[PDB]
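Starting from 1, each residue takes its place in the sequence as its number. Start at 1 and go down the list; that is how both ligands and their atoms are numbered.
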Amino acid sequence: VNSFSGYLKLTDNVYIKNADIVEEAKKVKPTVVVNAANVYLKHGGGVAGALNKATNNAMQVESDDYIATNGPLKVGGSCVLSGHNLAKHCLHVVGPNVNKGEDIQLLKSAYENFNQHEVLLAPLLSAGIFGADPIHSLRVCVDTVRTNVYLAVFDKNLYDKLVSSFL
Ligand SMILES: O=C(N[C@H]1c2cccc(O)c2C[C@H]1C(=O)O)c1cnc(NC2CCOCC2)cn1
């Protein structure tokens with residue numbers, strides 16, 4: 001049993017809710033919150049910009065030190081950093097950004113990072129300003145992630161579409 005509330009069980013292991021991942025993180029304090037990161041960990045907009053703003057920029061400060069030491073992530077890759085006031089840990093995962101011309105096949109590799117964590121709160125990868133098909137991202141999630149994932153979907157109209165089209 002866990003404290004995630006009002007989630008629609010889609011499969012054995014995938015759950016979804018129309019909710020703000022920030023409030024959801026602030027309420028649940030999950031072991032892992034996933035960030036929709038880029039390779040430079042520059043949290044400018046979307047989930048990344050929103051989570052960073054909620055951490056009073058501490059996420060960005062930590063991320064800049066990470067990049068200075070380790071260099072950029074790979075598209076499809078991830079790193080584990082602090083969850084600050086939102087979670088124990090933040091799993092920064094880089095899905096492909098269609099608005100940068102990145103290969104959508106890398107979306108499966110991105111979701112594979114979730115399998116290293118037993119339970120996660122996460123956004124649907126490569127949705128919103130990343131420009132990939134969200135019905136597609138949800139399908140890849142369901143077909144790739146085997147651990148227990150709670151997807152918080154910010155946009156209500158996206159959520160309603162994701163529910164009504166899920167096979
Ligand atoms: O851009 C946001 N989400 C979309 C996005 C963007 C980029 C990559 C992605 O994978 C996704 C998933 C998609 C969604 O979930 O709809 C977002 C923005 N802000 C939020 N929280 C604020 C907290 C303070 O008050 C205002 C709201 C919560 N989500």
- Do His89 and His117 have ring centres separated by under 6.0 Å? no
- Message: Could you list the cluster mates of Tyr15? Members are the ILVMFWY residues connected by side-chain heavy atoms closer than 4.5 Å, either directly or through other members.
- Response: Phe4, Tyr7, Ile21, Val22, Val28, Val33, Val47, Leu51, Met59, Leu86, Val119, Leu121, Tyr150
- Query: Linking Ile, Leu, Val, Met, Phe, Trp and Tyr by side-chain heavy atoms under 4.5 Å, what else ends up with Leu41?
  - Reply: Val39, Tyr40, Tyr66, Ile67, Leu73, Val75, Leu81, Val94, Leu106
Measure and list all N/O to N/O distances between ligand 1 and the protein that fall under 3.5 angstrom.
from, atom 1, to, atom 2, distance (Å)
ligand 1, 10 (O), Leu124, O, 2.5
ligand 1, 15 (O), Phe154, N, 2.9
ligand 1, 16 (O), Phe154, N, 3.2
ligand 1, 16 (O), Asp155, N, 3.2
ligand 1, 21 (N), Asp20, OD1, 2.8

- Query: Excluding sequence neighbours, so at least two apart, what forms side chain to side chain donor-acceptor pair (under 3.5 Å) with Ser5?
  - Reply: none
- Query: How many angstroms lie between CZ in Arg146 and OG1 in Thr11, if you round to the nearest 0.5 Å?
  - Reply: 12.5 Å
- Common cluster, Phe130/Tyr159, ILVMFWY with side-chain heavy-atom separation under 4.5 Å: no
